[PDB]
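Participant: so I pulled this structure from the PDB, and the sequence comes with it:
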Amino acid sequence: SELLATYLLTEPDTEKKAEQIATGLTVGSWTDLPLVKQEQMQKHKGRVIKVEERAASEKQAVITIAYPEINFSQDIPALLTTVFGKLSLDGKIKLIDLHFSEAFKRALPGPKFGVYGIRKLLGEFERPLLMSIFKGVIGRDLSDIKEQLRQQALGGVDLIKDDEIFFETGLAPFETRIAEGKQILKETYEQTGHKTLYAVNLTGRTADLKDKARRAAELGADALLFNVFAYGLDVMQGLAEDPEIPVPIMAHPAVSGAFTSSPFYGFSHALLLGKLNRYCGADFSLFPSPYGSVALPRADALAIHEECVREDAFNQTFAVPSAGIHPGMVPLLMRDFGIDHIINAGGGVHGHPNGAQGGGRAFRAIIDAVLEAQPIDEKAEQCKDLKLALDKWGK
Amino acid sequence: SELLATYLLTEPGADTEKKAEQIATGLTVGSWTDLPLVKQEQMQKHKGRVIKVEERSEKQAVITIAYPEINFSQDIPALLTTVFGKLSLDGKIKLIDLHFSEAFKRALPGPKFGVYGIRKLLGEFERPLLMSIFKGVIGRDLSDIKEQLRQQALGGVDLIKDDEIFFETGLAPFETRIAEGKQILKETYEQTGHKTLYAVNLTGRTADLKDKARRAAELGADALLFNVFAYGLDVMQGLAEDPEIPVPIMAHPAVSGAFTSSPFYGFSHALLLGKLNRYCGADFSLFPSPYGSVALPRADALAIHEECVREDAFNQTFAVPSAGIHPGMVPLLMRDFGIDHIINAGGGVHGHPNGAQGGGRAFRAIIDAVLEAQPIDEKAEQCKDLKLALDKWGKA
C-alpha cells in the first residue's frame, strides 16, 4: 500500500528537491546509511512519481511522491506529520492533494449521512438546499435567538446553523438551544409543511466533545456545527466514527484560512476543506463562494465541490458555498455546483426589508426560477421578496 | 477582563481605523441598530474595542483589538475562533500576537516542568543543552536504538528524541522503547556522571493520547515528543493539565509551517511556536534555527525564544533551534539564544567522523569554548573531535 502526496513548490533543480523529499522525508539522508540498513530500509523508501512544472509569474512545479504506508500508522495526525510535518517549514511548499490506498480508506469513516442522508432526512432530492444563519448571537437573550430561528425557518431555509462563535456563556446553553430549536422547528413545520434542520455549535474542551455530542444526539439535535481546524481532523473523525452520535457534522472553515489562503504555503482548499473534511466525517463543508464579500477563486471552489461529490469509498459530502451570498448569485452558484450543494445565505437574510422570511423566500424563489428555466425578471414580478433582494444586492 | 489580539493587515483599505472598527464590532456584537438603545446598553460590554492602529512593498497596518472574555469560553478553540476564525479567510490578515488576561492565564496550565524543571532533571544549569536524534530508525529494532542512545549519551548529549515520524512498530513498540531506553541511559549515567533524557514520540488517535501518556509516565518516560499541530493546542493542553502525566512535553513544529511561513497570512512564529505552545503546556518548543538549510528568519527565531522565556504566570519553555545545525554554528547560536535554549544537533553528530560520540563531543567542546571565552582554534587543538567537525562543515 502507498499514499501519494502532491505538492506545489513555488520557486527553488526541482527534481533534486523531489528526490530529497522522497528519500530524506521518508528515510532521511540515504547515501549515509550502512549497506545493511540501506538494504532493509528500502521498503520504507519513498519515490518520486512525477515532476511537472506549472501559470503565474513565479516558477512553480507540481510534484507527486509515493510514501510506503508501512511508514506511518493509519490516522491523519501520523499522515500529515509524515508527508507535511518538517516539510511544511521548508520554503515555499504547499500540500495540494493526497490519494489514499484502499487500506487507509478502510480506516477512515467518511460522513455518517452525506448528501444522500441529509436529503433523505429532508425529503428533498430535486433541488440544491438553502441554509441560513443567525444575524448575530453575542449579547443576545434566548428570546432574541428564538425569534431569529423562527423567522429563518418560516423563510423556507432547509438549514439554520448557529454562529460559530456561539459558546457556552450562559445566555442560551447548548442543550437548551437544541430543545427550544427543535420545538420551534416543529411549530414552523406545522405552519408551513416545510422541514428545517438546526445545526448546533459543538464547543468546549476537546475531551468533553464526545459526551456533549452524544448528549446532543439523545436530545435529538439535527446537526452538529464543528470547527475542525480549531480541534483537528482526527477529533472530528472520532466523532464521525461514534455510533452513539447518529447526528450529521457540519464542518466550518473557521481558522482554516490560516493555512490555505497563501498561494505558496499550507494546503490547497480542495484537500483541506474538500477531501480531508469528507474522509474525516464532515457531512457538510462550508467554504467561501467565488462571489461573496470574502471569496475563493472559482477554480478552488469547484475543486472543493468535486472532492465532496466524487464517487469514492465514502458517502458524498454536501459542499456549502458561503460568505455574503445574495440571491442574484444563485444562478452562478447553481451553474458551477449543480444541484448537489447548499446555498448558505448566511446572516444576510435578516437584512432583507421583509426580514429573514423575505430573505429566505427571495433565495427559494430564484433557485426555483433557475430550476424551472423561468426568466428571473418574471419570477421577480411574482415574488416581491425576490425583487426587493435583487434591487438591493443587484444582478 | 478582555484579551488583546494584534493583527498585521496587508492592504486593509484606505481607512484602517474604519477597518479596525468593522473587525472589532463585526467579530463581537455586530449591528445592534435594531434593539435599540435600551439593550444596546447591556451589550456595550460585549463590544470589541479597537486599542491601536498603526499604518505603514504594499500598504500594511498593525491593529490591536480588545475582546470581552464573556463572549467566549475559556479555551483555545473558542479563543482562536473568536479572534481569527472567519477573519483568517478575509484577505491578508495575520494574527501576530495575543495578550491574555490574568483570569485566562489562571485557566491555562503552562509548562509542568519548563526550563527549570528539565534543567533540574539533568542537574545542568550553566550551559545550554545538547539534543540529538536517531540516524536510521523508523524501521529499526530495539538494539539499534539502545546502541544509538549509548553512543549519543556517552558523547555528552543531554537528550535524545525519536523522529516525529516514528510511529507504532512491531520491532520497537512505544512502551518497550521507553523501558529499554531508560535502562541504557541509567547505565551511561553510572559510568559518566552525565545524565541524559529520552524523548519518545507520543502518537495515535487523539482519544487514545491520555491513557497512552499516563502509561508513559508510569514507565518512567523522560519526555513525550508531541506533534501538537497535528492534533491541536487544546489536546496538548489537556495532556499538560493532567497530573497523572507528570512528564515534560516536547512540542515539534510539524505541520506548523502551513500556518506561519506566509508573511501575509496565518499566525506569527512567535505566537504559535512561542506563546501558545508555552501557554498550553509545552516544556520544549522546537523550530528551525536561523542558520540551517531549513531556516527561519533570525527575527522570528529570536521572538520565539523571547516568548518562551519571558517572565509570565507560567514556567519557561525550553526553546529548541534545530534544522541542520553543526558545531561551527554554536557561537552564533549562543549569541542569539544565550544559555537557556537547547541545541538540536540533529544528525550533525551522527555524520561526524568519529560517530555520534565524536559529534556530541564536538558540540560539548565548542559550547564550552564559548562559555569560557576560549578561542575555537585553541579548544579545537585540544579536542580532536571539534577539529574534525569544523574541518568538515566549516569553521566557527
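Facilitator: Sure thing, it's come through. Residues are numbered from 1 along each chain as shown, chains lettered A, B, ... in the order given.

Participant: only C-alpha atoms from now on, for both contacts and neighbour counts.
Facilitator: OK.

Participant: now what about stretch A:286-305, what contacts it?
Facilitator: The contact list for stretch A:286-305 (Cα atoms under 8 Å, 6 or more residues apart in numbering or on different chains) reads A:250-253, A:268-271, A:273-275, A:319-326, A:329, A:333, A:336-337, A:341, B:89-91.

Participant: first vs last residue of that stretch, how far apart are they?
Facilitator: End-to-end distance of stretch A:286-305 (Cα to Cα, to the nearest Å): 10 Å.

Participant: helix or strand for the most centrally placed residue in chain A, which one?
Facilitator: Closest residue to the average C-alpha location of chain A: residue A:285 at 1.9 Å, with Cα atoms, centre = their mean. Per DSSP states H and E, residue A:285 falls inside strand A:284-287.

Participant: ok, the residue nearest to the centre of chain A - contacts?
Facilitator: Contact partners of residue A:285, counting by Cα under 8 Å, 6+ apart, are A:250, A:251, A:252, A:253, A:273, A:274, A:277, A:278, A:317, A:318, A:319, A:320.

Participant: make a markdown table from these and add neighbour count, secondary structure and distance to chain B to it.
Facilitator: Below are these laid out as a markdown table (neighbours: other Cα atoms under 10 Å in any protein chain shown; DSSP: H, G, I helix; E, B strand; the rest coil; distance: Cα to the nearest Cα, whole Å):
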| residue | neighbour count | secondary structure | distance to chain B |
| --- | --- | --- | --- |
| A:250 | 28 | strand | 15 |
| A:251 | 25 | strand | 13 |
| A:252 | 25 | coil | 9 |
| A:253 | 27 | coil | 8 |
| A:273 | 30 | helix | 13 |
| A:274 | 28 | helix | 16 |
| A:277 | 30 | helix | 14 |
| A:278 | 31 | helix | 17 |
| A:317 | 35 | coil | 21 |
| A:318 | 29 | strand | 20 |
| A:319 | 30 | strand | 17 |
| A:320 | 30 | strand | 15 |
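
Participant: quick one: the helices in the stretch 101-250 of chain A?
Facilitator: Assigned by DSSP state H, counting those that start in this stretch, the stretch 101-250 of chain A shows helices spanning A:102-106, A:114-122, A:142-154, A:174-192, A:209-218, A:233-241.

Participant: ranking those helices by burial, who's on top?
Facilitator: Among the helices of the stretch 101-250 of chain A, helix A:233-241 has the highest mean neighbour count (mean count of other Cα atoms under 10 Å in any protein chain shown), at a mean of 24.

Participant: tell me the angle of that helix relative to helix B:206-219?
Facilitator: Helix A:233-241 and helix B:206-219 are oriented at 120 degrees to each other (axes from the mean of the first three to the mean of the last three Cα atoms, to 10 degrees).

Participant: and the strands in chain A?
Facilitator: Assigned by DSSP state E, the strands in chain A fall at A:2-9, A:47-52, A:61-68, A:93-99, A:129-133, A:159-161, A:197-201, A:223-226, A:249-251, A:266-267, A:284-287, A:318-321, A:342-344.

Participant: may I have the third one as PDB, with CA atoms only?
Facilitator: Spelled out, that is strand A:61-68. Output of strand A:61-68 as PDB, limited to C-alpha atoms (Å, rounded to 0.1, in the frame of the first residue of the first chain):
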ATOM      1  CA  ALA A  61       6.500  22.900 -10.100                       C
ATOM      2  CA  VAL A  62       4.000  20.200  -9.200                       C
ATOM      3  CA  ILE A  63       5.500  17.100  -7.500                       C
ATOM      4  CA  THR A  64       3.900  13.800  -6.600                       C
ATOM      5  CA  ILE A  65       5.600  11.400  -4.200                       C
ATOM      6  CA  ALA A  66       4.600   7.900  -3.100                       C
ATOM      7  CA  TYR A  67       5.000   7.100   0.600                       C
ATOM      8  CA  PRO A  68       5.000   3.400   1.700                       C
END
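
Participant: is it anywhere near chain B?
Facilitator: No - shown here: strand A:61-68 not in contact with chain B (Cα under 8 Å from any Cα of the partner chain), separated by at least 11.7 Å.

Participant: contacts for that strand?
Facilitator: A:1-11, A:14, A:18, A:22, A:26, A:43-54, A:83.

Participant: what sits against residue A:360?
Facilitator: A:132, A:152, A:155, A:156, A:157, A:345, A:349.

Participant: quick check, the last one in contact with residue A:364.
Facilitator: To tie it back to what came earlier, the one meant is residue A:349. No - counting by Cα atoms under 8 Å, residue A:349 sits too far from residue A:364 to count as a contact (11.6 Å).

Participant: who has more neighbours out of the two?
Facilitator: A count of neighbours by other Cα atoms under 10 Å in any protein chain shown puts residue A:349 above the other of residue A:349 and residue A:364, at 33 against 22.

Participant: name the nearest residue to that one, ignoring sequence neighbours.
Facilitator: Spatial nearest neighbour of residue A:349, excluding adjacent residues (Cα to Cα, 6 or more residues apart in numbering or on different chains): residue A:359 at 4.4 Å.

Participant: near chain B, which residues of the stretch 101-250 of chain A are found?
Facilitator: A:136-140, A:164-169, A:203-207, A:230-235, A:238.

Participant: let's see that with 6 Å instead.
Facilitator: Residues of the stretch 101-250 of chain A lying close to chain B (Cα under 6 Å from any Cα of the partner chain) are A:138, A:139, A:165, A:167, A:230, A:231, A:232.

Participant: that older thread, and the contacts of residue A:360, which is closest to chain B?
Facilitator: residue A:349 (13.9 Å; Cα to the nearest Cα).

Participant: domains in chain A, as residue ranges please.
Facilitator: Segmentation of chain A into domains, based on curated CATH domains, reads A:1-108, A:109-395.

Participant: straight-line length of the first one, end to end?
Facilitator: What that stands for is domain A:1-108. Start and end residues of domain A:1-108 are separated by 15 Å (Cα to Cα).
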